[PDB]
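A.B. asks:
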Amino acid sequence: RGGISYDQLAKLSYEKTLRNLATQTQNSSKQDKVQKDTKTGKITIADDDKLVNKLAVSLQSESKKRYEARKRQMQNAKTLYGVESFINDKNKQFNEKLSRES
Amino acid sequence: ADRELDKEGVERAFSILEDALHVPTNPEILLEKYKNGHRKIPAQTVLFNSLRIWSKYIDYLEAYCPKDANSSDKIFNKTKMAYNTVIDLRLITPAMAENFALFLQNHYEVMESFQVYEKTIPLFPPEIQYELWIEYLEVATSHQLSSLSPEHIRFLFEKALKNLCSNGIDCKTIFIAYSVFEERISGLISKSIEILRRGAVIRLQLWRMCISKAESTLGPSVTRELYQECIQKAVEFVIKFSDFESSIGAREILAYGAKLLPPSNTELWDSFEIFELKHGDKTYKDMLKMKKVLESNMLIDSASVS
Amino acid sequence: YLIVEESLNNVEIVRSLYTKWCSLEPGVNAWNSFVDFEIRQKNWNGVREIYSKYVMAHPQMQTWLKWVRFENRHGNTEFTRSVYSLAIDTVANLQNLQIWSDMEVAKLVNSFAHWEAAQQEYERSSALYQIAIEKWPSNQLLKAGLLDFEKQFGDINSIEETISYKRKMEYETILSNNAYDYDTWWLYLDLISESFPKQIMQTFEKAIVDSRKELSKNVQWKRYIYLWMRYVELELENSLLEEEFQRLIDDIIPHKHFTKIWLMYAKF
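Chains as they are written, first to last, in PDB author numbering: chain I, 92 to 123, 142 to 211; chain v, 492 to 693, 705 to 734, 740 to 756, 761 to 775, 777 to 794, 796 to 819; chain d, 139 to 350, 352 to 370, 374 to 386, 388 to 402, 405 to 413.
#1: Should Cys-556 (chain v) go down as buried or exposed, given a rule of 16 or more other Cβ atoms within 10 Å for buried?
#2: Label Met-199 (chain d) either buried or exposed according to how many other C-beta atoms from any shown protein chain fall within 10 Å of its C-beta, with 16 as the threshold for buried.
#3: The alpha helix (DSSP H) that contains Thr-341 (chain d), what's its start and end?
#4: What is the DSSP secondary structure of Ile-226 (chain d), reduced to helix, strand or coil?
#5: Determine which residues share a DSSP beta bridge with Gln-236 (chain d) and list them.
#6: Quick check on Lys-145 (chain I): does DSSP put it in helix, strand or coil?
#7: Looking at C-alpha atoms only, which residue of v:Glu-808, v:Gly-690, v:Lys-740 is the closest neighbour of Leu-765 (chain v)?
#8: List the endpoints of the continuous alpha helix (DSSP H) containing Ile-755 (chain v).
#9: Taking C-alpha atoms, which residue in d:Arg-186, d:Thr-300, d:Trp-360 lies nearest to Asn-214 (chain d)?
#10: Hey, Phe-672 (chain v) and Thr-632 (chain v) are a contact pair by Cβ (cut 8 Å); roughly how many whole angstroms apart?
#11: Please confirm if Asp-98 (chain I) has its CB atom under 7 Å from at least one CB of chain d.
#12: Please go through the same chain and pick out, in chain order, the residues whose beta-carbon is closer than 6 Å to the beta-carbon of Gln-707 (chain v), but skip the five residues on each side of it.
#13: I'd like to know if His-634 (chain v) contacts chain I, where contact means its C-beta is closer than 7 Å to some C-beta of that chain.
#14: Closer than 7 Å, Cβ to any Cβ of chain d: which residues of the segment 507-527 of chain v, in chain order?
#15: Taking 8 Å as the limit between beta carbons, can you name the residues of its chain near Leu-655 (chain v), skipping five residues before and five after?
#16: Which residues of chain v have a Cβ atom closer than 7 Å to the Cβ of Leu-366 (chain d), listed in chain order?
#17: Counting only the same chain and skipping the five closest in sequence on each side, list residues whose C-beta sits under 7 Å from that of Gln-596 (chain v).
#18: On the three-pair Cβ rule with 8 Å, is the segment 241-248 of chain d touching the segment 275-294 of chain d?
#19: With H, G and I counted as helix, E and B as strand and the rest as coil, what does DSSP make of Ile-686 (chain v)?
#20: On a CA-only basis, which of d:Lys-405, d:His-212, d:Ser-314, d:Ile-271 is nearest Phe-342 (chain d)? Give me that one, please.
#21: Can you tell me which of the three DSSP states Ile-154 (chain I) falls into?
#22: Counting C-beta neighbours from all protein chains within 10 Å, is the total for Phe-505 (chain v) 16 or more, i.e. buried, or is it exposed?
#23: Just how far apart, CA to CA, sit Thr-725 (chain v) and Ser-753 (chain v)?
#24: Would you mind sorting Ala-270 (chain d) into buried or exposed? The rule is 16 or more other CB atoms within 10 Å of its CB.
#25: What is the rounded straight-line gap between the Cα of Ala-816 (chain v) and the Cα of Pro-773 (chain v)?
#26: Give the secondary structure of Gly-93 (chain I) by DSSP, where H, G and I count as helix, E and B as strand, and everything else as coil.
#27: Just the chain d side, please: which residues come within less than 8 Å of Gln-707 (chain v) by C-beta, in chain order?
#28: Could you check the C-alpha separation between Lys-547 (chain v) and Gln-535 (chain v) for me, to the nearest Å?
#29: Could you check the C-alpha separation between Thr-218 (chain d) and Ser-249 (chain d) for me, to the nearest Å?
#30: For a contact defined as C-beta to C-beta under 7 Å, what are the partners of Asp-146 (chain I) on chain d?
#31: Could you work out which residue in d:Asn-170, d:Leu-146, d:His-400, d:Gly-184 is closest to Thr-116 (chain I) when comparing CA atoms only?
#32: Considering only the beta carbon of each residue, do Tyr-189 (chain d) and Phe-172 (chain d) sit closer than 7 Å?
#33: Just how far apart, CA to CA, sit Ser-263 (chain d) and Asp-227 (chain d)?
#34: Just by C-beta distance, which residues in the segment 158-185 of chain I are closer than 7 Å to chain v?
#35: Give every residue of the same chain whose Cβ lies closer than 6 Å to the Cβ of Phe-413 (chain d), excluding the five residues on either side of it in the sequence, and list them in chain order.
#36: For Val-601 (chain v), which of v:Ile-583, v:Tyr-767, v:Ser-638, v:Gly-500 has the nearest alpha-carbon?
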């Protein structure tokens, strides 16, 4: 059983992002350089303006999904348990932590 | 295929169906690129994978081959390569793996049908291997053409019996088939330690009881060891079996009645056991009444504990 | 770093990144994602260069057998046996380093042989079992994995030749462990009288009658007696009958020279 180590979970989240990137290339199919400076050691890479927007929007959208999934998990966490007496949200939150330890 | 089989020859029915089954170079890549392909890659390329296509192709071959084929014929060489291609494509169902091994045994290719069981058991998970090991071990011991050495048949059991009880199956028959055949070819009662292992794996009471009958035929020295080991709801049944062994060959039996009644709740069947041991004599209703007195007192002690 | 440059379709920057990352010897998660990267890019000549380096960074059979699962996925027969020839020589070349176990080298010999069975060359499947057992006489797993290859692909006399050896080693190791199990002797002798006939066949019959006191024991000697008798015999018979016999010696003198050896054995 066990938890997943940070090497495997980095690998699994790497594979999920590759599969999602693969379906974005599949969906883009269905719907239809390096220059180093001489003066400085600085390096310049030509990019399309697309796929930089697409990465930025994807990182924003994944952040939205994880935010709202945790926010909905917040909603369930403060609506499920009501047996034990508490004082505030942080009481029920800490006594959920003690229930997790059992 | 079916319209052409009636109108034209089965050779015409093969030839239109041969064009379905070209295994081109690599089935692993084509199967995966089809599954990963989002409806763009046709199933024309991965048409070989379909089991339904192979079974009714083969059933034309196995119907068209004569009753005496003897491996000289083209068709028996053709249906064997078409059967072996299904195993190499690995799309073979266990009822279909029996139909090929049965196929070779009718046409006197018995010693190659043991290869057929050998290739496939590895591929299948247990709870299905148990039905192949019955048909494989039975051909080894019963079929008349199979001339396998008695150390080779004993290899086929104790490779299976060790492997198959390791994953964990009751294995009631294989123990008995390794128990029954030991007299017909070897002819000594090594049967017990071969069948003791059924009783002490790591139904089982129904394997232990029939054989402890069997050594009372041979010799009482190897009975009494089992009577000890038999007792070490299910526990109560084992105690009853020990009492029966004592009757066959009485104080040890009564003390055993105590050991069993003390093994576990209810104990009336044990009372039937001691009563049977008393009844077996052709001495005085004194030890018996004393026995019922001891049992009743023990029941009163149990009531006090409760 | 990778999935951003994957997202920008900069395939030459993830390739330059992976060449550096696999130079620092990080672990099998990096290489396996680097061989999965070239499969995406179809660079078949490049991914074959990786497994050349990947077996040198992680020398173990699950990296070598991963490379033959790569080649047998594509069906190139000329490339697959070249990897198979490189994998089995490196075990032989680097035998003294002791980095592949007995169970570990058995996976290479079996996956070499079962591939050669599918390539219809049974004589190469068969001969490598002999070189591996001789090259390694120590590992029983390669010897036992030799047998399952003969069971599937061999002709019946060859299986019975090899079966007789595994039964020989397994009957030998029980009798060395368990002292007096007289029913395994009456098969272990008949293992050697049936299929092993030779100097060993006579020798065990000495080694058995060494082990022979029970009612359960002494009839085994009766077996060795006739096993000797079917083929000295009087001399061993007097040595065993010494267990004790005044009536026997008087019975012996009246019917030893008078009547036979069978009469002599009747006293025993």
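Heads up, the beta-carbon is just placed ideally off N, CA and C, and yes, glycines get one too.
C.D. replies: Taking the geometry as given:
#1: buried
#2: buried
#3: 337-349
#4: helix
#5: Paired residues: none, contrary to the question.
#6: strand
#7: v:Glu-808
#8: 741-755
#9: d:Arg-186
#10: 5 Å
#11: yes
#12: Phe-744
#13: no
#14: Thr-516, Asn-517, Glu-519, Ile-520
#15: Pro-617, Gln-620, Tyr-621, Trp-624, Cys-662, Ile-665
#16: What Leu-366 (chain d) touches in chain v: nothing, since even the nearest Cβ is about 16 Å away.
#17: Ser-604, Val-630, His-634
#18: yes
#19: helix
#20: d:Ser-314
#21: strand
#22: buried
#23: 10 Å
#24: buried
#25: 14 Å
#26: coil
#27: Near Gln-707 (chain v) there are no residues of chain d at all, since even the closest Cβ is about 25 Å away, more than 8 Å.
#28: 19 Å
#29: 12 Å
#30: Correct list: empty, because the minimum Cβ distance to chain d is about 17 Å.
#31: d:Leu-146
#32: no
#33: 16 Å
#34: none
#35: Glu-379, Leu-383
#36: v:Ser-638
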